[PDB]
Amino acid sequence: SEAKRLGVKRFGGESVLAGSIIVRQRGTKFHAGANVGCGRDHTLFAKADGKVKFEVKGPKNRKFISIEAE
Amino acid sequence: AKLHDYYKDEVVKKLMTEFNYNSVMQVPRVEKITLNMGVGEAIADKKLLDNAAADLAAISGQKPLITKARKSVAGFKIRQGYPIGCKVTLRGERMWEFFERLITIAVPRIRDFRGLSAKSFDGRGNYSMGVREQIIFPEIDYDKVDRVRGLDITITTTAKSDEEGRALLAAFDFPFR
Amino acid sequence: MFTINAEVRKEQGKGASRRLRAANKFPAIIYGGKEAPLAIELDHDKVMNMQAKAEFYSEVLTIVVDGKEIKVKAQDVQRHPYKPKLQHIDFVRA
Amino acid sequence: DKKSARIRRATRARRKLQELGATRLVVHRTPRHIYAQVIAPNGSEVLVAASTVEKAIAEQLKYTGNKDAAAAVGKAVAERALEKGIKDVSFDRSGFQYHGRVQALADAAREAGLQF
RNA sequence: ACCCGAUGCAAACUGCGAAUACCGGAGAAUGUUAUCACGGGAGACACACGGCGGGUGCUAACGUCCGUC
RNA sequence: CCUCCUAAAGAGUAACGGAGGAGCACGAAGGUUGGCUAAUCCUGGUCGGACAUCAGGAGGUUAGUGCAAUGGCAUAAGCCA
RNA sequence: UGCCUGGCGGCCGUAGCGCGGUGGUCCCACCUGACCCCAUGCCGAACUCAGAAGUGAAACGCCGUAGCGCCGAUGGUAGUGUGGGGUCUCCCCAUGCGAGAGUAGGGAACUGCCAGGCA
């Protein structure tokens, strides 16, 4: 079977445009933060233009990916 | 709430004397009466369970709730989602009247009455029964009964301990063990 | 009670520990309290000689370095899997 | 329980509306008193607030918690908000059913002049 | 059986977890732009050996093949 | 065609390498609004044998999540209306 | 401004579990009846309508309790990038990066806004 595409495409500190795919995942390893969508395949994309940011939020220590506008 | 005044008059007072409590509500109360009729052998047909539910509704003032199998197992040949048990969910004013009627007339008419089983406690003040021959109630006639069911009343009580549960049972008659 | 004499450490890293082990010594540490812990060297010969008794982990040992005597206690010792050579010792000021 | 149940019920809507970063209006109920306040997107700041506890609203209320009291709280918050210039903030029920004093507050706020 | 203290191990176990490598942002120095795109012309299209991290085998094997130099 | 490693913490990466499944189905098993949240053990009892529905405590997702498996799901993506 | 109570955020166990004490000034909670706004796949169960009649019992605010969870060093080791060496199956050397595991120590939170009561 051909290997699927996983991992993070855009990492922290990277400037991205609207609609840019950040991370491809099967489940939800990371959760959308600010200005980040979530497709049917649990794919995170940036709804605006700005820098990527990774953080931890929530009582269960869940990883969150957000976009900060410049 | 017919028995509510009588309870507040006698039970609260005498429990206060016995337990030197501070506040009025510290005395154990009645949370609910779990009129649950677990036939267990309902696999034969649904009509037996329907008749049990009808009898429960006639005894109470509301339609009973039907409980299905919690999970599917092979040893007990029980599947998942199969309606098996029936219960009555009473929480209001009819509870006092029903309990008064029971403690008045349903207690003496027990075959081979050798005392209620006082050693059945969950561990914090819940008292359960496992008796049979539910024909004690005269509200049901012999012309509408096909077998003998079982009464497994398990009183949900605010008692904080087995000692408090025993004290409340003694307060509500409970002749002996 | 035992007088333990050593040299003040000046190099931090695994190189110093390897050099001491080659030279028949080994590193140790003295901590306990809010004061800055001090890294120290131990001479295998004398330290093993004094530790041959069962009082090493029982009585309060004395480090006399640069003419200064300080009381310490032994908590745990790192022992080599098979080689009979001491590796590292932790000391608590008590 | 009750408080944990209410918090877990409300958190979904609260966070979902927080994703939009929109100023909200929240109402808290209690058989004795009713509270209402406007919350900015940050969550650490408020714009307007009104409660049944204060005499300014309890003077003309026979009982602190009632339908008339809820209506008075709603109209008072709607006023304070329109003088402040909230400009059509959203509303949150804080995990409370929309068939009682919450509905009364919402109706009063909508009818006072707000377009939310 | 249940079952407390764990020992002996796990490529198809990880409540912990590196070093490297890849990714993006800022900066001096340095390199004959050493970087990218288009167009013309290709050649090759059975590689060998050695170092390192590996798979499997009979804890022999140039066994039986991979990623990097 | 899909899942585990293989596969050396980005992606990709071979071997008569070894492990399993599928050719679907659903007009609900989808959308919306609201409500709810398990496996197991113990305590109690007549069929109950040690493990039938039932009352409670611990447990806090080891359940469930249609497909074999992997990763996710409390906001539940699970259940009812 | 000092104490007490409720709501809304940051922080996501130094914020946790168990034990004791304390709380009705205000507020919060227990709960009365419900044909009235409400609805039960049955239930005033949830939610909603009429309190001070009593209380802080259960829940919850605060203080202690280091039994316990958790955070957590310094130091040593493992491990590894570049070069070299050997008995090159594996290990050692100069240099750089070097932590979980165990201890020292910390640990019964803190912070921003609004609202009510006692001062």
# chains A, B, ... in the order shown; residues from 1 in each chain; ligands from 1

$ closest_atom_pairs --of "chain A" --to "chain F" --cutoff "9 Å" --atoms "only C-alpha atoms (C1' of nucleotides)" --output "CSV"
residue,atom,partner,partner_atom,distance
A:1,CA,F:2,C1',7.4
A:3,CA,F:12,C1',8.4
A:5,CA,F:11,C1',7.7
A:6,CA,F:11,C1',8.0
A:7,CA,F:10,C1',7.4
A:8,CA,F:10,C1',7.9
A:9,CA,F:10,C1',8.7
A:25,CA,F:71,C1',8.2
A:26,CA,F:71,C1',5.8
A:27,CA,F:72,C1',3.8
A:28,CA,F:72,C1',5.1
A:29,CA,F:72,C1',7.1

$ residues_around --residues "residue 77 (chain G)" --least-positions-apart "3" --cutoff "12 Å" --atoms "only C-alpha atoms (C1' of nucleotides)" --output "PyMOL selection string"
(chain C and resi 13-14+17-18+27+78-80+87-88) or (chain G and resi 98-101)

$ closest_atom_pairs --of "region 19-42 of chain D" --to "region 35-51 of chain A" --cutoff "12 Å" --atoms "only C-alpha atoms" --output "tab-separated table"
residue	atom	partner	partner_atom	distance
D:19	CA	A:35	CA	8.3
D:20	CA	A:35	CA	8.9
D:21	CA	A:35	CA	10.3

$ interface_residues --of "chain D" --to "chain G" --cutoff "12 Å" --atoms "only C-alpha atoms (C1' of nucleotides)" --output "number ranges by chain"
D: 1-6, 14-15, 18, 24-55, 62-68, 94-104

$ interface_residues --of "chain G" --to "chain C" --cutoff "9 Å" --atoms "only C-alpha atoms (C1' of nucleotides)" --output "list in words"
residues 74, 75, 76, 102, 103, 104 and 105 of chain G

$ closest_residue --among "A:63, A:10, A:57, A:4" --to "chain G" --atoms "only C-alpha atoms (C1' of nucleotides)"
A:57

$ select_by_dssp --residues "chain D" --states "alpha helix (DSSP H)" --output "ChimeraX atom specification"
/D:3-19,55-58,67-84,101-112

$ select_by_dssp --residues "chain C" --states "strand (DSSP E)" --output "MDAnalysis selection string"
chainID C and resid 3:4 25:31 38:43 61:65 68:79 86:92

$ write_last_selection --atoms "C-alpha atoms" --output "mmCIF file, in the first residue's frame"
data_model
loop_
_atom_site.group_PDB
_atom_site.id
_atom_site.type_symbol
_atom_site.label_atom_id
_atom_site.label_comp_id
_atom_site.auth_asym_id
_atom_site.auth_seq_id
_atom_site.Cartn_x
_atom_site.Cartn_y
_atom_site.Cartn_z
ATOM 1 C CA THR C 3 38.590 13.037 57.873
ATOM 2 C CA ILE C 4 38.069 13.054 54.096
ATOM 3 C CA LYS C 25 39.490 8.545 41.684
ATOM 4 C CA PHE C 26 35.836 9.361 41.094
ATOM 5 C CA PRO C 27 33.515 12.376 41.314
ATOM 6 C CA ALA C 28 31.033 12.970 44.107
ATOM 7 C CA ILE C 29 28.661 15.732 45.195
ATOM 8 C CA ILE C 30 27.885 17.496 48.478
ATOM 9 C CA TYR C 31 24.457 19.134 48.734
ATOM 10 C CA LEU C 38 29.783 21.571 45.755
ATOM 11 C CA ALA C 39 31.342 19.054 43.383
ATOM 12 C CA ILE C 40 34.201 17.100 44.959
ATOM 13 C CA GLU C 41 36.683 14.359 44.073
ATOM 14 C CA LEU C 42 37.168 11.110 45.999
ATOM 15 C CA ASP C 43 40.362 9.047 46.082
ATOM 16 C CA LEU C 61 31.160 11.879 57.861
ATOM 17 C CA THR C 62 33.531 14.859 57.883
ATOM 18 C CA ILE C 63 34.973 16.552 54.788
ATOM 19 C CA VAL C 64 38.107 18.551 55.618
ATOM 20 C CA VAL C 65 38.985 20.423 52.413
ATOM 21 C CA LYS C 68 37.434 23.616 56.462
ATOM 22 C CA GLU C 69 35.583 20.778 58.204
ATOM 23 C CA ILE C 70 31.961 20.171 57.187
ATOM 24 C CA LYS C 71 29.598 17.424 58.342
ATOM 25 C CA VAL C 72 27.791 15.370 55.691
ATOM 26 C CA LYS C 73 25.750 12.185 55.345
ATOM 27 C CA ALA C 74 25.712 9.518 52.639
ATOM 28 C CA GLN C 75 22.384 8.831 50.914
ATOM 29 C CA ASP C 76 23.141 6.552 47.951
ATOM 30 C CA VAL C 77 26.127 5.149 46.063
ATOM 31 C CA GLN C 78 26.377 4.292 42.361
ATOM 32 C CA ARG C 79 28.046 0.878 42.092
ATOM 33 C CA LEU C 86 33.207 3.217 43.071
ATOM 34 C CA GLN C 87 31.574 5.525 40.521
ATOM 35 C CA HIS C 88 29.746 8.413 42.217
ATOM 36 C CA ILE C 89 28.623 9.291 45.748
ATOM 37 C CA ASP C 90 26.018 11.800 46.938
ATOM 38 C CA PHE C 91 26.436 13.509 50.317
ATOM 39 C CA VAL C 92 23.843 15.400 52.366
#

$ residues_around --residues "residue 148 (chain B)" --least-positions-apart "6" --cutoff "10 Å" --atoms "only C-alpha atoms (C1' of nucleotides)" --output "ChimeraX atom specification"
/B:39,132-135

$ residues_around --residues "region 35-50 of chain F" --least-positions-apart "3" --cutoff "6 Å" --atoms "only C-alpha atoms (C1' of nucleotides)" --output "PyMOL selection string"
(chain B and resi 120+122+130) or (chain F and resi 63)

$ write_last_selection --atoms "N, CA and C atoms (P, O5', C5', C4', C3', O3' and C1' of nucleotides)" --output "PDB file, in the first residue's frame"
ATOM      1  N   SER B 120     -29.514  -7.096  55.037  1.00  0.00           N
ATOM      2  CA  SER B 120     -29.326  -6.730  53.635  1.00  0.00           C
ATOM      3  C   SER B 120     -29.149  -5.216  53.554  1.00  0.00           C
ATOM      4  N   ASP B 122     -26.630  -2.176  51.418  1.00  0.00           N
ATOM      5  CA  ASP B 122     -25.617  -1.917  50.400  1.00  0.00           C
ATOM      6  C   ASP B 122     -24.285  -1.544  51.038  1.00  0.00           C
ATOM      7  N   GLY B 130     -36.214  -9.051  48.885  1.00  0.00           N
ATOM      8  CA  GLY B 130     -36.216 -10.071  47.855  1.00  0.00           C
ATOM      9  C   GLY B 130     -37.404 -11.005  47.973  1.00  0.00           C
TER      10      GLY B 130
ATOM     11  P     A F  63     -11.826  -0.518  25.730  1.00  0.00           P
ATOM     12  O5'   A F  63     -13.293  -0.416  26.342  1.00  0.00           O
ATOM     13  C5'   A F  63     -13.993  -1.577  26.765  1.00  0.00           C
ATOM     14  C4'   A F  63     -15.456  -1.281  26.972  1.00  0.00           C
ATOM     15  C3'   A F  63     -16.251  -0.964  25.713  1.00  0.00           C
ATOM     16  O3'   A F  63     -16.694  -2.128  25.037  1.00  0.00           O
ATOM     17  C1'   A F  63     -16.703   0.666  27.367  1.00  0.00           C
TER      18        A F  63
END

$ atom_distance --atom1 "CA of residue 69 (chain A)" --atom2 "CA of residue 12 (chain D)"
25.6 Å

$ residues_around --residues "region 136-144 of chain B" --least-positions-apart "2" --cutoff "8 Å" --atoms "only C-alpha atoms (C1' of nucleotides)" --output "list in words"
residues 55, 59, 106, 109, 110, 133, 134 and 146 of chain B

$ write_last_selection --atoms "N, CA, C and O atoms" --output "mmCIF file, in the first residue's frame"
data_model
loop_
_atom_site.group_PDB
_atom_site.id
_atom_site.type_symbol
_atom_site.label_atom_id
_atom_site.label_comp_id
_atom_site.auth_asym_id
_atom_site.auth_seq_id
_atom_site.Cartn_x
_atom_site.Cartn_y
_atom_site.Cartn_z
ATOM 1 N N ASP B 55 -49.712 -4.400 35.869
ATOM 2 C CA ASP B 55 -49.942 -4.520 37.305
ATOM 3 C C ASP B 55 -49.208 -3.425 38.068
ATOM 4 O O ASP B 55 -49.752 -2.844 39.015
ATOM 5 N N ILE B 59 -50.919 -0.570 40.415
ATOM 6 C CA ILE B 59 -50.515 -0.355 41.801
ATOM 7 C C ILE B 59 -50.106 1.096 42.019
ATOM 8 O O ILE B 59 -50.493 1.725 43.012
ATOM 9 N N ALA B 106 -49.973 -3.891 54.321
ATOM 10 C CA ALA B 106 -49.253 -4.902 53.558
ATOM 11 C C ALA B 106 -48.255 -5.691 54.397
ATOM 12 O O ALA B 106 -47.793 -6.746 53.950
ATOM 13 N N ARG B 109 -49.904 -9.144 56.443
ATOM 14 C CA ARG B 109 -50.325 -10.238 55.564
ATOM 15 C C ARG B 109 -49.127 -10.742 54.757
ATOM 16 O O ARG B 109 -48.993 -10.518 53.553
ATOM 17 N N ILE B 110 -48.242 -11.446 55.459
ATOM 18 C CA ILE B 110 -47.073 -12.075 54.856
ATOM 19 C C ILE B 110 -47.032 -13.524 55.318
ATOM 20 O O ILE B 110 -47.007 -13.792 56.526
ATOM 21 N N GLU B 133 -44.445 -13.721 46.144
ATOM 22 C CA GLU B 133 -45.883 -13.766 46.398
ATOM 23 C C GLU B 133 -46.433 -12.354 46.630
ATOM 24 O O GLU B 133 -46.904 -11.996 47.711
ATOM 25 N N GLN B 134 -46.358 -11.556 45.563
ATOM 26 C CA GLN B 134 -46.794 -10.159 45.568
ATOM 27 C C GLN B 134 -48.316 -10.000 45.645
ATOM 28 O O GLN B 134 -48.801 -8.869 45.503
ATOM 29 N N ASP B 146 -51.645 -14.693 36.432
ATOM 30 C CA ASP B 146 -51.323 -15.986 35.845
ATOM 31 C C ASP B 146 -50.162 -16.694 36.526
ATOM 32 O O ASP B 146 -50.017 -17.908 36.354
#
